[PDB]
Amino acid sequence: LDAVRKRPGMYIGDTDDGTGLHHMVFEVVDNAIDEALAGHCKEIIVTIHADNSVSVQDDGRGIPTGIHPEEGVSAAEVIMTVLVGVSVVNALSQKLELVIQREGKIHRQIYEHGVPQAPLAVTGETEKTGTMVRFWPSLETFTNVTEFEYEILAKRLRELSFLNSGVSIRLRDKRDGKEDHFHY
């Protein structure tokens, strides 16, 4: 991921005017919509947390967790660490936490600046399926505009709900309680 770290704006967009900051969310949402479309209930939830991290979750099948035969690490870690996709978001997040519910197990992993802190690990049992990512944009990269703007996210999620009919998209702001539900 060092090519991304060297020139973040070439991958995510302008890192000073808020463009790249909000594109971080959109790249994660792209992956969440993919996952939601492959499951039964087809809902994603985008949450702006009070510490200006964002989480994105889906109720799909779960990102695959088995060891990648050539890379020698979990498939999830391959997606997160091989190069626009969520690997760029990971590289530019001072922290990124993920949870995958799949085949009866809960799997968790934490990254800092794209670096895995331990291998993907089973932490418990579950009867649910789906994926969640919460990320803290790196304040070493994103300057000036560092806080998420609710309406910038809402405008894009609204567009996506028309294009991805039948996918339910909820947006929640824990800073001021504002919420929306886009479903076409």
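Just so we're on the same page, rigid core means the largest C-alpha set that superposes within 1.5 Å between forms. Heads up: residue numbers just count along the shown sequence, starting at 1.
Checklist entry - Rigid core superposed, root mean square over structures and residues, which stretch has C-alphas farther from this form in 9 other deposited structures of this protein, 56 to 64 or 30 to 38? => result Once the core is superposed, the stretch further away in 9 other deposited structures of this protein is 30 to 38.
Item to check | Greatest C-alpha divergence in 9 other deposited structures of this protein once each structure is fitted on the rigid core, 84 to 92 or 108 to 116 | outcome: With the rigid core fitted, 84 to 92 is the stretch that strays more in 9 other deposited structures of this protein.
Next on the checklist: Going by the PDB record, how many residues of the deposited sequence fall between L83 and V84 without any coordinates: none, 1 to 3, 4 to 9, or 10 or more?
Outcome noted: Per the deposited record, the segment joining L83 and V84 lacks coordinates for 10 or more residues.
Checklist entry - Mean C-alpha B-factor higher for 36 to 44, or for 55 to 63? => result Here the higher of the two C-alpha B-factor means belongs to 36 to 44.
Checklist entry - For the C-alpha atoms alone, is the average B factor greater in 118 to 126 or in 144 to 152, going by the entry? => result Averaged over C-alpha atoms, the B-factors run higher in 144 to 152.
Next on the checklist: Quiz for you: based on the deposited Cα B-factor, which of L171, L21, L160, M10 is highest?
Outcome noted: Comparing C-alpha B-factors across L171, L21, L160, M10, the maximum falls on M10.
Checklist entry - Lowest, middle or highest third: where is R134 by C-alpha B factor in its chain? => result Bottom third by C-alpha B-factor.
Checklist entry - Among the chain's modelled residues, which third holds the C-alpha B-factor of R5? => result Within its chain, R5 is a lowest-third residue by C-alpha B-factor, going by the deposited values.
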